[PDB]
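Have a look at the structure that comes next, please.
Numbers here simply count residues along the sequence, with the first being 1. What you see below is based on every heavy atom in this structure, not just the backbone, and it leaves out hydrogens, waters and symmetry mates.
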Amino acid sequence: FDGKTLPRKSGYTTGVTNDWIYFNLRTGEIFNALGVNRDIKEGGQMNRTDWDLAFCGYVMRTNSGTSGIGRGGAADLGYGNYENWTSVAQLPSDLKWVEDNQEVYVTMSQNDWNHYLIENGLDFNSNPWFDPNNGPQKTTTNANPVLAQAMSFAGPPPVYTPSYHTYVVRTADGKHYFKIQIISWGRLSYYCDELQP
Ligand SMILES: O=C(O)CCC(CCC(=O)O)C(=O)O
């Protein structure tokens, strides 16, 4: 595969629900590349603009809306044709830009689920983490509802399939545009390249 992968095992299998690998798409910097919360812990990203895109497994976060203070966002350029998007001039005039909100689901780690029961005095016997036919508990987080479409859900039982859409991520400064396409997914394969003005 001639494209990009994340530097490590990402998301709930680490034991942490909000396990985010942060990319500064303009500078090439990567945060939490070595391990979880190693450079930036959940909530510690909201007031930094030195990141543009973060991944928690295949789920993506931009520096916008509820995830951060920046001028970012995401938009959907439709099925395929990744190599064909080269220029900001090609973007539709009426393109719908969407900022991050707190309505996107990530899988809860088994350990976070357990703490959630202890903290709320809930009986483990009537609160299983893992549904034998529906898989693990999920919870909402700050993420991008447009980029969440990069992996289509069908179920139960849940099965995830790439949409193969090209998406476009606006950077934290609001003046740079990165096309992105998720090819496969705990190892993630994708393409991400800057569009020309
Ligand atoms: O600790 C949290 O993230 C909250 C845990 C809760 C769990 C509730 C559920 O999944 O039914 C939630 O989803 O917000």
hydrophobic_cluster_shared for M151 and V104, side chain cutoff 4.5 Å: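 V104 and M151: one cluster.
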Run the salt-bridge test on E42 and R61 with the 4.0 Å N-O cut-off and return the result as yes or no.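 Here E42 pairs with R61 in a salt bridge, since their nearest N and O are under 4.0 Å apart.
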In the hydrophobic clustering that connects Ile, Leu, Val, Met, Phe, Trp and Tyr at side-chain heavy-atom distances below 4.5 Å, which members other than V159 occupy its cluster, ordered by chain and number?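 So far as hydrophobic clustering goes, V159 is joined with none.
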Which is it for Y22 and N63 under the side chain to side chain donor-acceptor pair (under 3.5 Å) test, yes or no, and what are the steps along the way? CA-CA 10 Å; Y22 289 90; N63 208 327; over 6 Å; no
Output the rest of the hydrophobic cluster of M108: all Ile, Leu, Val, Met, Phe, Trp and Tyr residues reachable through side-chain heavy-atom contacts under 4.5 Å, sorted by chain and number.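 Traced through the cluster, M108 reaches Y12, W113, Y116, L117, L122, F124, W129, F130.
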After noting the C-alpha distance and the side-chain angles of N101 and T66, does the key distance pass the side chain to side chain donor-acceptor pair (under 3.5 Å) rule? CA-CA 5 Å; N101 71 20; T66 60; 5.7 Å; no
Return the set of residues passing salt bridge (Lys or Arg N to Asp or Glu O under 4.0 Å) with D131 (not counting sequence neighbours), or none when no residue passes.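 Not a single residue meets the salt bridge (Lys or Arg N to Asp or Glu O under 4.0 Å) criterion with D131.
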Got a sec: does the OH of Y105 have more than 12 other heavy atoms crowding it under 6.0 Å?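 Not more than 12 within 6.0 Å, no.
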Between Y177 and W97, is the ring centroid distance below 6.0 Å?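 That pair passes the under 6.0 Å test.
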Which pair of heavy atoms, one from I30 and one from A33, lies closest together, and at what distance?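 Here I30 and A33 meet closest at CG2-CB, 3.7 Å.
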One pair to check against side chain to side chain donor-acceptor pair (under 3.5 Å): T171 and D173. What are the steps and the verdict? CA-CA 6 Å; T171 55; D173 65 343; 2.5 Å; yes
Quick check: closest heavy atoms across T49 and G70, and the distance to 0.1 Å?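 The answer is CG2-CA, 4.1 Å.
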Is the distance from the ring center of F23 to that of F55 below 6.0 Å?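 So the answer is yes for these two rings.
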Contact check, side chains of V169 and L25, non-hydrogen atoms, under 4.5 Å: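 Yes. Closest side-chain heavy atoms under 4.5 Å.
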Stepwise salt bridge (charged side-chain N to carboxylate O under 4.0 Å, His left out) test for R71 and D52: CA-CA 9 Å; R71 312 207 269 271; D52 308 302; over 6 Å; no
Write down the atom of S189, the atom of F1, and the distance for their closest heavy-atom approach.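 Looks like CB-CE2, 3.4 Å.
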Are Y82 and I183 co-members of a hydrophobic cluster defined by side-chain heavy atoms under 4.5 Å apart?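 Yes; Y82 is reachable from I183 via cluster members.
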I want to check something: taking the side chain as every heavy atom from C-beta on, are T62 and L147 in contact at a cut-off of under 4.5 Å?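 Counting from C-beta outward, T62 and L147 do come under 4.5 Å.
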Qualifying residue, where the test is salt bridge (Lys or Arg N to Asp or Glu O under 4.0 Å) with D19 and the options are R38, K41, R8: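 Looking at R38, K41, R8, the match for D19 under the salt bridge (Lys or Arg N to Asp or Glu O under 4.0 Å) is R8.
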Check whether any side-chain heavy atom of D76 sits under 4.5 Å from a side-chain heavy atom of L95, and report yes or no.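 A side-chain contact is absent here, since even the closest heavy-atom pair is not under 4.5 Å.
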With a sphere of 6.0 Å drawn around CD of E103, does it hold more than 12 non-hydrogen atoms of other residues, nucleotides or ligands?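 12 or below, so no.
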Can you find a pair of side-chain heavy atoms, one from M60 and one from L53, that are under 4.5 Å apart?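 The answer is yes, as the side chains (C-beta and beyond) meet within the 4.5 Å cut-off.
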Heavy atoms, side chains only, cut-off 4.5 Å: are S10 and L188 in contact?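 No, side chains not in contact.
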Under 4.5 Å between side-chain heavy atoms, counting indirect links through other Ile/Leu/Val/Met/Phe/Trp/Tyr residues: same cluster for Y191 and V59 or not?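 Looking at the clustering, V59 is in a separate group from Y191.
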Can you give me the closest heavy-atom contact between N134 and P158, atom names plus distance?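 The pair with the smallest heavy-atom distance is O-CG, 3.2 Å.
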Going by side-chain hydrogen bond (donor to acceptor under 3.5 Å, both in side chains), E194 matches just one of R26, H176, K179. Which one?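 When side-chain hydrogen bond (donor to acceptor under 3.5 Å, both in side chains) is applied between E194 and each of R26, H176, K179, only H176 qualifies.
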Can you say whether the rings of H165 and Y79 are parallel (under 30°), tilted (30 to 60°) or perpendicular (over 60°)?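 Perpendicular, since the angle between the ring planes exceeds 60°.
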Could you tell me whether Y167 and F178 have their ring centroids closer than 6.0 angstrom?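 When the ring centroids of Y167 and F178 are compared, they turn out to be at least 6.0 Å apart.
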Could you go through the side chain to side chain donor-acceptor pair (under 3.5 Å) check for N18 and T141 one step at a time? CA-CA 8 Å; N18 274 299; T141 194; 2.6 Å; yes
